[PDB]
file work07.txt (compact mmCIF, C-alpha atoms and all ligand atoms)
# COMPACT_ATOMS: atom_id res chain seq x y z
CA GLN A 1 -89.47 -94.70 157.28
CA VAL A 2 -88.70 -96.98 160.28
CA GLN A 3 -85.45 -95.90 161.94
CA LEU A 4 -83.33 -98.46 163.86
CA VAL A 5 -80.48 -97.64 166.27
CA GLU A 6 -78.34 -100.43 167.68
CA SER A 7 -76.30 -100.04 170.85
CA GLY A 8 -74.35 -102.04 173.37
CA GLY A 9 -71.61 -103.40 171.16
CA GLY A 10 -68.02 -103.46 172.24
CA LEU A 11 -65.19 -105.66 173.38
CA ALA A 12 -65.89 -108.93 175.24
CA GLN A 13 -63.71 -111.77 176.52
CA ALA A 14 -64.44 -115.35 175.55
CA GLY A 15 -66.97 -116.83 178.00
CA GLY A 16 -68.31 -113.37 178.75
CA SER A 17 -71.69 -111.76 178.05
CA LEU A 18 -73.03 -108.69 176.27
CA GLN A 19 -76.50 -107.22 175.84
CA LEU A 20 -77.34 -105.42 172.56
CA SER A 21 -80.27 -103.09 172.24
CA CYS A 22 -82.19 -101.89 169.18
CA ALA A 23 -84.44 -98.83 169.45
CA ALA A 24 -87.06 -98.38 166.68
CA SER A 25 -88.65 -95.04 165.87
CA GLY A 26 -90.62 -93.49 163.03
CA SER A 27 -93.89 -95.00 161.87
CA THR A 28 -93.66 -98.39 163.59
CA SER A 29 -97.34 -99.29 164.10
CA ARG A 30 -97.32 -101.97 161.36
CA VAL A 31 -93.99 -103.48 162.43
CA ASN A 32 -94.84 -106.89 163.90
CA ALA A 33 -91.51 -108.77 163.67
CA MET A 34 -87.94 -107.81 164.62
CA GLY A 35 -84.67 -109.60 163.96
CA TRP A 36 -81.01 -109.55 164.89
CA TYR A 37 -78.47 -110.38 162.14
CA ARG A 38 -74.73 -110.63 162.18
CA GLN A 39 -71.99 -110.40 159.62
CA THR A 40 -68.88 -112.30 160.77
CA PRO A 41 -65.59 -111.46 158.97
CA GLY A 42 -65.72 -112.51 155.32
CA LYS A 43 -69.17 -114.13 155.48
CA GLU A 44 -72.73 -113.52 154.45
CA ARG A 45 -74.97 -111.67 156.88
CA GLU A 46 -77.12 -114.19 158.79
CA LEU A 47 -80.21 -114.07 160.97
CA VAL A 48 -79.35 -115.07 164.53
CA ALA A 49 -82.61 -114.36 166.39
CA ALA A 50 -86.10 -113.06 165.64
CA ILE A 51 -89.22 -112.31 167.67
CA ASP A 52 -92.80 -111.66 166.60
CA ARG A 53 -95.65 -109.66 168.13
CA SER A 54 -97.06 -112.69 169.87
CA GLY A 55 -93.70 -113.10 171.69
CA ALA A 56 -92.65 -116.21 169.71
CA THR A 57 -88.93 -116.46 169.07
CA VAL A 58 -86.58 -118.34 166.80
CA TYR A 59 -82.80 -118.64 166.73
CA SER A 60 -80.08 -119.77 164.39
CA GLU A 61 -78.35 -123.02 165.28
CA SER A 62 -75.03 -121.31 165.95
CA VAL A 63 -76.48 -119.22 168.83
CA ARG A 64 -79.36 -121.41 170.05
CA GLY A 65 -79.21 -121.88 173.79
CA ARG A 66 -76.67 -119.07 174.26
CA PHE A 67 -78.48 -115.98 172.96
CA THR A 68 -81.89 -114.66 173.97
CA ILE A 69 -84.04 -112.13 172.11
CA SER A 70 -86.63 -110.11 174.09
CA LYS A 71 -88.59 -106.89 173.72
CA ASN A 72 -90.02 -103.88 175.50
CA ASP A 73 -93.17 -103.11 173.50
CA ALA A 74 -93.94 -99.89 175.39
CA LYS A 75 -90.61 -98.35 174.32
CA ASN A 76 -90.13 -100.10 170.90
CA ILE A 77 -86.90 -101.72 172.08
CA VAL A 78 -85.60 -105.17 171.17
CA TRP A 79 -82.75 -106.74 173.18
CA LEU A 80 -80.19 -109.41 172.32
CA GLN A 81 -78.62 -111.06 175.38
CA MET A 82 -75.44 -112.89 174.31
CA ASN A 83 -73.96 -115.39 176.80
CA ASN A 84 -70.92 -117.70 176.68
CA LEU A 85 -69.32 -115.68 173.89
CA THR A 86 -66.68 -117.27 171.62
CA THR A 87 -64.23 -115.70 169.23
CA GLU A 88 -66.63 -117.01 166.54
CA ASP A 89 -69.17 -114.44 167.77
CA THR A 90 -67.03 -111.54 166.56
CA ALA A 91 -69.14 -109.69 164.02
CA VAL A 92 -71.05 -106.59 163.10
CA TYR A 93 -74.55 -107.07 164.58
CA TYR A 94 -77.58 -105.49 162.88
CA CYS A 95 -81.20 -104.92 163.87
CA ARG A 96 -83.96 -105.30 161.18
CA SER A 97 -87.72 -104.64 161.18
CA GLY A 98 -90.44 -106.60 159.41
CA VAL A 99 -94.08 -106.22 158.41
CA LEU A 100 -95.68 -109.67 158.19
CA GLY A 101 -98.73 -109.73 155.97
CA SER A 102 -102.01 -111.62 155.69
CA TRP A 103 -102.37 -115.40 155.87
CA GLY A 104 -104.05 -117.63 153.34
CA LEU A 105 -107.20 -119.61 153.99
CA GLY A 106 -105.13 -122.55 155.22
CA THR A 107 -104.98 -126.29 154.37
CA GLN A 108 -106.04 -129.10 156.74
CA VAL A 109 -103.46 -131.79 157.48
CA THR A 110 -104.76 -134.87 159.30
CA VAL A 111 -102.34 -137.54 160.55
CA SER A 112 -103.89 -140.86 161.52
CA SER A 113 -102.98 -143.78 163.78
CA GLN B 1 -103.01 -106.93 147.76
CA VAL B 2 -100.80 -110.04 147.85
CA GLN B 3 -102.99 -113.17 147.66
CA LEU B 4 -101.89 -116.54 149.03
CA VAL B 5 -103.41 -119.96 148.28
CA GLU B 6 -102.37 -123.07 150.22
CA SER B 7 -102.68 -126.58 148.84
CA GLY B 8 -101.57 -130.14 149.43
CA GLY B 9 -103.11 -130.93 152.80
CA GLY B 10 -104.87 -134.23 153.27
CA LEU B 11 -104.81 -137.46 155.24
CA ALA B 12 -101.37 -138.84 155.95
CA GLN B 13 -100.47 -142.14 157.51
CA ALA B 14 -98.43 -142.18 160.70
CA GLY B 15 -94.80 -141.79 159.69
CA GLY B 16 -95.70 -140.54 156.20
CA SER B 17 -94.85 -137.35 154.35
CA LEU B 18 -96.78 -134.49 152.79
CA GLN B 19 -95.72 -131.57 150.64
CA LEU B 20 -97.71 -128.36 151.02
CA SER B 21 -97.57 -125.54 148.49
CA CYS B 22 -98.48 -121.87 148.69
CA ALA B 23 -98.98 -119.81 145.52
CA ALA B 24 -98.59 -116.04 145.84
CA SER B 25 -100.15 -113.60 143.39
CA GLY B 26 -100.89 -109.92 143.14
CA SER B 27 -98.11 -107.40 143.63
CA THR B 28 -95.33 -109.56 145.01
CA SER B 29 -92.18 -107.60 144.06
CA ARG B 30 -91.56 -106.35 147.63
CA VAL B 31 -92.26 -109.68 149.34
CA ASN B 32 -88.89 -110.90 150.56
CA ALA B 33 -89.89 -113.42 153.21
CA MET B 34 -92.46 -116.26 153.44
CA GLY B 35 -93.51 -118.38 156.38
CA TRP B 36 -95.55 -121.49 157.19
CA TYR B 37 -97.68 -121.52 160.32
CA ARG B 38 -99.89 -124.10 161.89
CA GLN B 39 -102.89 -123.96 164.18
CA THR B 40 -103.29 -127.09 166.26
CA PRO B 41 -106.89 -127.55 167.55
CA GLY B 42 -107.46 -125.32 170.60
CA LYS B 43 -104.02 -123.61 170.32
CA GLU B 44 -102.43 -120.41 169.12
CA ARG B 45 -101.22 -120.26 165.56
CA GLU B 46 -97.45 -120.93 165.51
CA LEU B 47 -94.63 -120.31 163.07
CA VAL B 48 -93.08 -123.59 161.91
CA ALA B 49 -90.77 -122.54 159.05
CA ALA B 50 -89.69 -119.42 157.23
CA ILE B 51 -87.49 -118.58 154.22
CA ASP B 52 -86.06 -115.29 153.00
CA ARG B 53 -85.06 -114.06 149.57
CA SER B 54 -81.42 -115.06 150.15
CA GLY B 55 -82.56 -118.66 150.73
CA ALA B 56 -81.92 -118.61 154.47
CA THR B 57 -84.33 -120.73 156.49
CA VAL B 58 -85.44 -121.06 160.07
CA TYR B 59 -87.64 -123.64 161.86
CA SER B 60 -89.46 -124.04 165.15
CA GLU B 61 -88.06 -126.58 167.61
CA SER B 62 -91.10 -128.85 167.11
CA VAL B 63 -90.29 -129.41 163.40
CA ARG B 64 -86.57 -128.74 163.00
CA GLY B 65 -85.04 -131.76 161.26
CA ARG B 66 -88.35 -133.18 159.91
CA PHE B 67 -89.68 -130.29 157.83
CA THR B 68 -88.04 -128.43 154.95
CA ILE B 69 -89.16 -125.09 153.45
CA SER B 70 -88.10 -124.31 149.86
CA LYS B 71 -89.14 -121.85 147.16
CA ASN B 72 -89.61 -121.41 143.44
CA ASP B 73 -88.93 -117.71 142.84
CA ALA B 74 -89.75 -117.92 139.13
CA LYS B 75 -93.38 -118.96 139.91
CA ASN B 76 -93.88 -117.26 143.36
CA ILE B 77 -94.40 -120.63 145.11
CA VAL B 78 -93.18 -121.81 148.47
CA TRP B 79 -93.29 -125.41 149.60
CA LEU B 80 -93.26 -127.18 152.93
CA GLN B 81 -92.02 -130.79 152.87
CA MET B 82 -93.26 -132.54 156.03
CA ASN B 83 -91.61 -135.88 156.94
CA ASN B 84 -92.25 -138.48 159.71
CA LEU B 85 -95.64 -137.05 160.50
CA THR B 86 -97.30 -137.89 163.81
CA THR B 87 -100.72 -137.15 165.22
CA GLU B 88 -99.10 -134.16 166.95
CA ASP B 89 -98.82 -132.52 163.47
CA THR B 90 -102.59 -132.51 162.72
CA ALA B 91 -103.51 -128.86 162.23
CA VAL B 92 -104.56 -126.31 159.71
CA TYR B 93 -101.39 -125.04 157.98
CA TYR B 94 -101.22 -121.42 156.76
CA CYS B 95 -98.86 -119.54 154.49
CA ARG B 96 -97.94 -115.89 155.23
CA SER B 97 -95.93 -113.27 153.33
CA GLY B 98 -93.62 -110.64 154.76
CA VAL B 99 -91.76 -107.49 153.79
CA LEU B 100 -88.51 -107.20 155.72
CA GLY B 101 -87.17 -103.66 155.98
CA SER B 102 -83.82 -101.91 156.10
CA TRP B 103 -81.09 -102.72 158.61
CA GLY B 104 -79.55 -100.29 161.06
CA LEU B 105 -75.94 -99.12 160.77
CA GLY B 106 -74.84 -102.09 162.94
CA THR B 107 -72.77 -102.38 166.11
CA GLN B 108 -69.33 -104.04 166.24
CA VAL B 109 -68.84 -106.88 168.75
CA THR B 110 -65.27 -108.14 169.13
CA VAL B 111 -64.57 -111.19 171.35
CA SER B 112 -61.00 -111.99 172.33
CA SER B 113 -59.41 -115.00 174.01
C1 LIG A 201 -92.54 -107.67 167.24
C2 LIG A 201 -92.17 -106.20 167.32
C3 LIG A 201 -93.41 -105.41 167.53
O1 LIG A 201 -94.52 -105.87 167.36
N1 LIG A 201 -93.15 -104.13 167.94
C4 LIG A 201 -91.84 -103.73 168.27
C5 LIG A 201 -91.06 -103.14 167.30
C6 LIG A 201 -89.78 -102.69 167.58
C7 LIG A 201 -89.29 -102.86 168.84
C8 LIG A 201 -89.96 -103.45 169.91
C9 LIG A 201 -91.22 -103.85 169.50
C10 LIG A 201 -94.28 -103.27 168.26
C11 LIG A 201 -94.19 -102.09 167.33
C12 LIG A 201 -95.26 -101.08 167.65
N2 LIG A 201 -95.15 -100.59 169.02
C13 LIG A 201 -96.26 -99.67 169.24
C14 LIG A 201 -96.43 -98.20 168.93
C15 LIG A 201 -95.43 -97.41 169.70
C16 LIG A 201 -94.86 -96.27 169.16
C17 LIG A 201 -93.92 -95.53 169.86
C18 LIG A 201 -93.54 -95.95 171.12
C19 LIG A 201 -94.09 -97.09 171.67
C20 LIG A 201 -95.03 -97.81 170.96
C21 LIG A 201 -95.29 -101.70 169.96
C22 LIG A 201 -94.29 -102.82 169.71
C1 LIG A 202 -88.57 -115.24 149.99
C2 LIG A 202 -89.71 -114.86 149.10
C3 LIG A 202 -89.33 -114.03 147.89
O1 LIG A 202 -88.33 -113.32 147.89
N1 LIG A 202 -90.19 -114.13 146.82
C4 LIG A 202 -91.22 -115.09 146.81
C5 LIG A 202 -92.48 -114.69 147.25
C6 LIG A 202 -93.52 -115.62 147.28
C7 LIG A 202 -93.31 -116.92 146.82
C8 LIG A 202 -92.06 -117.36 146.40
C9 LIG A 202 -91.04 -116.41 146.43
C10 LIG A 202 -90.01 -113.30 145.61
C11 LIG A 202 -91.17 -112.35 145.40
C12 LIG A 202 -91.23 -111.66 144.05
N2 LIG A 202 -91.11 -112.64 142.97
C13 LIG A 202 -91.03 -111.97 141.68
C14 LIG A 202 -91.71 -111.57 140.39
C15 LIG A 202 -92.67 -112.62 139.95
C16 LIG A 202 -93.98 -112.29 139.64
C17 LIG A 202 -94.89 -113.25 139.23
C18 LIG A 202 -94.50 -114.58 139.13
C19 LIG A 202 -93.19 -114.90 139.44
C20 LIG A 202 -92.28 -113.95 139.85
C21 LIG A 202 -89.84 -113.32 143.14
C22 LIG A 202 -89.89 -114.19 144.37

call {"tool": "encode", "arguments": {"input": "work07.txt", "output": "structure tokens"}}
result
Amino acid sequence: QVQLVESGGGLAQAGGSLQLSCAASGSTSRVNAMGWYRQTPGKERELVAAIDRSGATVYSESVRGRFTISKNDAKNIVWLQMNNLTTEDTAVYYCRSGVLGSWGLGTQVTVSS
Amino acid sequence: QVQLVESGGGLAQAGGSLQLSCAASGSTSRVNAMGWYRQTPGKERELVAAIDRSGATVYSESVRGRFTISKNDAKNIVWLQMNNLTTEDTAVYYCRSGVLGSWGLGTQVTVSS
């Protein structure tokens, strides 16, 4: 019952910037991860950036260093800042929510020397 | 109701390799993402690798290129292959499941020359 609304798309010139926004509404209290995906012409949809509740972020290799994901927790908004755009960035961009579950008990790894 | 069990931790020699496994049980039909996390002594727990149902993977900067996450869908197992271990990798490692939701309608971005 999460609802996601993406905005900010449009036309850019190569070397330009855009900022996308994703507004979540509905019952969002359990949502503790958010992601931006893109579908370039002809290709599989791919994760380009994600952010979790602790503020940790991860990016795909194709956008790492150029794109930045950030969030406004008080308004349930997630942003995608896209810098140094290329024609290879042309795509439909999608927002997606996630509910990350419980952890296991864990396993100790000890590296010596 | 999903239950996760991590195994395969132990003592590794500097520069050695380890393979961790995480077995999921319970009602797993909706689980469409899995992640490995680690908790270095004194520090926040951190994502190090994640995999989704389409086989896409993502890694933290600290492990990208050394660690590989893979899955056996038929047995509900995920694995973390850890190579060239150093003392900086000593930690408790945890598995975590996730349910990723619907996408939004998407927003077109078109970059020209
Ligand atoms: C990692 C993402 C994350 O954890 N969230 C998030 C989700 C989408 C977009 C931005 C952030 C939280 C979801 C729950 N909301 C709280 C409850 C609420 C309800 C209505 C208005 C304001 C707040 C805080 C942020
Ligand atoms: C990216 C993760 C993912 O999508 N999954 C997954 C989850 C945990 C660990 C490995 C993979 C699927 C979850 C549902 N199972 C299906 C049914 C079933 C039941 C009992 C035994 C075997 C299979 C297929 C794999």

call {"tool": "interface_residues", "arguments": {"input": "work07.txt", "of": "chain A", "to": "chain B", "cutoff": "6 Å", "atoms": "all atoms listed in the file", "output": "PyMOL selection string"}}
result
chain A and resi 4-5+9-14+87+90-104+106-113

call {"tool": "axis_aligned_box", "arguments": {"input": "work07.txt", "around": "ligand LIG 201 (chain A)", "padding_each_side": "5 Å", "output": "JSON"}}
result
{"center_x": -92.9, "center_y": -101.6, "center_z": 169.5, "size_x": 17.1, "size_y": 22.1, "size_z": 14.4}

call {"tool": "atom_distance", "arguments": {"input": "work07.txt", "atom1": "atom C1 of ligand LIG 201 (chain A)", "atom2": "CA of residue 41 in chain A"}}
result
28.4 Å

call {"tool": "residues_around", "arguments": {"input": "work07.txt", "residues": "range 63-69 of chain B", "least_positions_apart": "6", "cutoff": "8 Å", "atoms": "only C-alpha atoms", "output": "PyMOL selection string"}}
result
chain B and resi 48-51+57+78-84

call {"tool": "atom_distance", "arguments": {"input": "work07.txt", "atom1": "CA of residue 30 in chain A", "atom2": "atom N2 of ligand LIG 201 (chain A)"}}
result
8.1 Å

call {"tool": "atom_distance", "arguments": {"input": "work07.txt", "atom1": "CA of residue 53 in chain B", "atom2": "CA of residue 77 in chain B"}}
result
12.3 Å

call {"tool": "closest_residue", "arguments": {"input": "work07.txt", "among": "B:25, B:76, B:70, B:62", "to": "ligand LIG 202 (chain A)", "atoms": "all atoms listed in the file"}}
result
B:76

call {"tool": "build_atoms", "arguments": {"input": "work07.txt", "residues": "range 1-16 of chain B", "atoms": "N, CA, C and O atoms", "output": "PDB file, in the frame of the given file"}}
result
ATOM      1  N   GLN B   1    -102.608-106.545 149.118  1.00  0.00           N
ATOM      2  CA  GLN B   1    -103.010-106.930 147.760  1.00  0.00           C
ATOM      3  C   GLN B   1    -102.370-108.257 147.308  1.00  0.00           C
ATOM      4  O   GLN B   1    -102.793-108.866 146.327  1.00  0.00           O
ATOM      5  N   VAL B   2    -101.327-108.685 148.019  1.00  0.00           N
ATOM      6  CA  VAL B   2    -100.800-110.040 147.850  1.00  0.00           C
ATOM      7  C   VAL B   2    -101.873-111.064 148.202  1.00  0.00           C
ATOM      8  O   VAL B   2    -102.526-110.951 149.247  1.00  0.00           O
ATOM      9  N   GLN B   3    -102.071-112.070 147.339  1.00  0.00           N
ATOM     10  CA  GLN B   3    -102.990-113.170 147.660  1.00  0.00           C
ATOM     11  C   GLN B   3    -102.231-114.466 147.733  1.00  0.00           C
ATOM     12  O   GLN B   3    -101.349-114.722 146.909  1.00  0.00           O
ATOM     13  N   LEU B   4    -102.534-115.264 148.775  1.00  0.00           N
ATOM     14  CA  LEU B   4    -101.890-116.540 149.030  1.00  0.00           C
ATOM     15  C   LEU B   4    -102.903-117.668 148.979  1.00  0.00           C
ATOM     16  O   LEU B   4    -104.009-117.524 149.492  1.00  0.00           O
ATOM     17  N   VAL B   5    -102.522-118.796 148.385  1.00  0.00           N
ATOM     18  CA  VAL B   5    -103.410-119.960 148.280  1.00  0.00           C
ATOM     19  C   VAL B   5    -102.626-121.202 148.675  1.00  0.00           C
ATOM     20  O   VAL B   5    -101.702-121.589 147.956  1.00  0.00           O
ATOM     21  N   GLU B   6    -103.043-121.868 149.752  1.00  0.00           N
ATOM     22  CA  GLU B   6    -102.370-123.070 150.220  1.00  0.00           C
ATOM     23  C   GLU B   6    -102.992-124.314 149.593  1.00  0.00           C
ATOM     24  O   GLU B   6    -104.210-124.395 149.351  1.00  0.00           O
ATOM     25  N   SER B   7    -102.147-125.295 149.303  1.00  0.00           N
ATOM     26  CA  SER B   7    -102.680-126.580 148.840  1.00  0.00           C
ATOM     27  C   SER B   7    -101.806-127.727 149.349  1.00  0.00           C
ATOM     28  O   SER B   7    -100.682-127.534 149.832  1.00  0.00           O
ATOM     29  N   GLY B   8    -102.330-128.935 149.227  1.00  0.00           N
ATOM     30  CA  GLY B   8    -101.570-130.140 149.430  1.00  0.00           C
ATOM     31  C   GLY B   8    -101.843-130.824 150.764  1.00  0.00           C
ATOM     32  O   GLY B   8    -101.222-131.863 151.051  1.00  0.00           O
ATOM     33  N   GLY B   9    -102.711-130.250 151.580  1.00  0.00           N
ATOM     34  CA  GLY B   9    -103.110-130.930 152.800  1.00  0.00           C
ATOM     35  C   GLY B   9    -103.937-132.167 152.489  1.00  0.00           C
ATOM     36  O   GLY B   9    -104.500-132.342 151.427  1.00  0.00           O
ATOM     37  N   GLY B  10    -104.013-133.064 153.457  1.00  0.00           N
ATOM     38  CA  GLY B  10    -104.870-134.230 153.270  1.00  0.00           C
ATOM     39  C   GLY B  10    -104.611-135.157 154.436  1.00  0.00           C
ATOM     40  O   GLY B  10    -104.132-134.715 155.492  1.00  0.00           O
ATOM     41  N   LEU B  11    -104.969-136.416 154.242  1.00  0.00           N
ATOM     42  CA  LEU B  11    -104.810-137.460 155.240  1.00  0.00           C
ATOM     43  C   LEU B  11    -103.495-138.159 155.010  1.00  0.00           C
ATOM     44  O   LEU B  11    -103.323-138.817 153.986  1.00  0.00           O
ATOM     45  N   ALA B  12    -102.642-138.160 156.031  1.00  0.00           N
ATOM     46  CA  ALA B  12    -101.370-138.840 155.950  1.00  0.00           C
ATOM     47  C   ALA B  12    -101.398-139.936 156.976  1.00  0.00           C
ATOM     48  O   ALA B  12    -102.036-139.810 158.029  1.00  0.00           O
ATOM     49  N   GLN B  13    -100.644-140.978 156.677  1.00  0.00           N
ATOM     50  CA  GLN B  13    -100.470-142.140 157.510  1.00  0.00           C
ATOM     51  C   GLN B  13     -99.362-141.832 158.508  1.00  0.00           C
ATOM     52  O   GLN B  13     -98.428-141.090 158.197  1.00  0.00           O
ATOM     53  N   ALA B  14     -99.479-142.382 159.711  1.00  0.00           N
ATOM     54  CA  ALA B  14     -98.430-142.180 160.700  1.00  0.00           C
ATOM     55  C   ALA B  14     -97.071-142.526 160.101  1.00  0.00           C
ATOM     56  O   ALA B  14     -96.898-143.579 159.477  1.00  0.00           O
ATOM     57  N   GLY B  15     -96.108-141.615 160.271  1.00  0.00           N
ATOM     58  CA  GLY B  15     -94.800-141.790 159.690  1.00  0.00           C
ATOM     59  C   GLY B  15     -94.671-141.402 158.231  1.00  0.00           C
ATOM     60  O   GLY B  15     -93.561-141.487 157.685  1.00  0.00           O
ATOM     61  N   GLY B  16     -95.753-140.956 157.585  1.00  0.00           N
ATOM     62  CA  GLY B  16     -95.700-140.540 156.200  1.00  0.00           C
ATOM     63  C   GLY B  16     -95.264-139.102 156.005  1.00  0.00           C
ATOM     64  O   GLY B  16     -94.871-138.396 156.941  1.00  0.00           O
TER      65      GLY B  16
END
